[PDB]
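Residue numbers (PDB author numbering): 1 to 108.
All C-beta atoms in this analysis are idealised placements derived from N, C-alpha and C, irrespective of residue type, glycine included.
Written below as structure tokens is the structure these notes are about.
Next up, the structure:
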């Protein structure tokens, strides 16, 4: 079982040779980008909450505070699962495993 050794070495090499690792990251990046745009495709809710939250004499909004605190914690957790998966995917892509096309479209 590989825990930490040739893994970091191979990764380091990848960082030295931008081609596969770059494409892989570019892949998870693109997908993550679309997911980010989609998830954030419902900011309206936050907009209303923000407007009503702006009725406070405070600078930061309870929604922003909760979104920040929850965003930080959730960010870590999501980063842990995203890192573990992104890692497994990095290895898979580094091996040439099966692909995983996906739609996005994107709009700005």
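Check: DSSP-derived helix/strand/coil call for residue 33; Outcome: helix
Check: Cα-Cα separation between residue 59 and residue 28, rounded to whole angstroms; Outcome: 36 Å
Check: Spatial distance of residue 104 from residue 11 (CA atoms); Outcome: 28 Å
Check: Sufficient close CB pairs (3 or more, under 8 Å) joining the stretch 49-67 to the stretch 2-19; Outcome: no
Check: Residue 65, DSSP secondary structure in three states; Outcome: helix
Check: Selected residue, minimal CA-CA separation from residue 101, among 30, 78, 18; Outcome: 30
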